[PDB]
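Next comes just one chain, in structure tokens: the form deposited in one PDB entry.
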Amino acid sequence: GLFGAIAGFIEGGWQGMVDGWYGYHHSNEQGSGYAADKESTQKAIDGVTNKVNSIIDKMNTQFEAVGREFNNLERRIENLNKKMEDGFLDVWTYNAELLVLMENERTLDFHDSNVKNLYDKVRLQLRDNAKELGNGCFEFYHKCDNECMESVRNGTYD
């Protein structure tokens, strides 16, 4: 994807993180586990929810086919009616399919963006304090307990 994180430098997702879309894995003497970043997850939920509604409502005004009948000597006007009703249904089918296509691409990229921003944010705190492993992970120079770890998660590290 466009932002290099999702299935880029972060090779794959985490089956074990269940309470959010993005977050952290920590690993130390005391143990290991997953913590969802609530902030960015919530921002992402809002973004995607609004989008779906925007997509739906922008499509609520569409063409409605209406039944019209014509006799045996009104073939031209019957054909006209057919090609007009079909013409609009094709325009709207195209509009709908394309909007879904383009916005799916933008949604996937949005998630990628959210992962890269969260990563960069953690990278900006750690500074020279940890080795940037190159796979989404940072390896600490100093021992880092749970409350040290908690510190990284809430943006209060240093």
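The term rigid core refers to the most C-alpha atoms you can superpose between the two forms while keeping them within 1.5 Å. Note that residue numbering begins at 1 and tracks the sequence as displayed.
Look at the C-alpha B-factors of 67-75 and of 83-91. On average they run higher in 67-75.
In this entry, 125-133 shows the higher mean Cα temperature factor of the pair 41-49 and 125-133. Among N117, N60, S27, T107, the highest C-alpha B-factor in the deposited entry belongs to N60. Of all the options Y141, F9, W14, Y22, the entry's greatest CA B-factor is assigned to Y141. Among the modelled residues of the chain, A35 sits in the middle third by CA temperature factor in this PDB entry.
Keep in mind that the form deposited in another entry is missing from the display, and what follows is about it.
Following superposition on the rigid core between the shown form and the other one, the residue from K51, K58, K38, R127 with a C-alpha displacement of 2 angstroms or more is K58, and no other.
The Cα position of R68 differs by 2 Å or more between the shown form and the other one after fitting on the rigid core.
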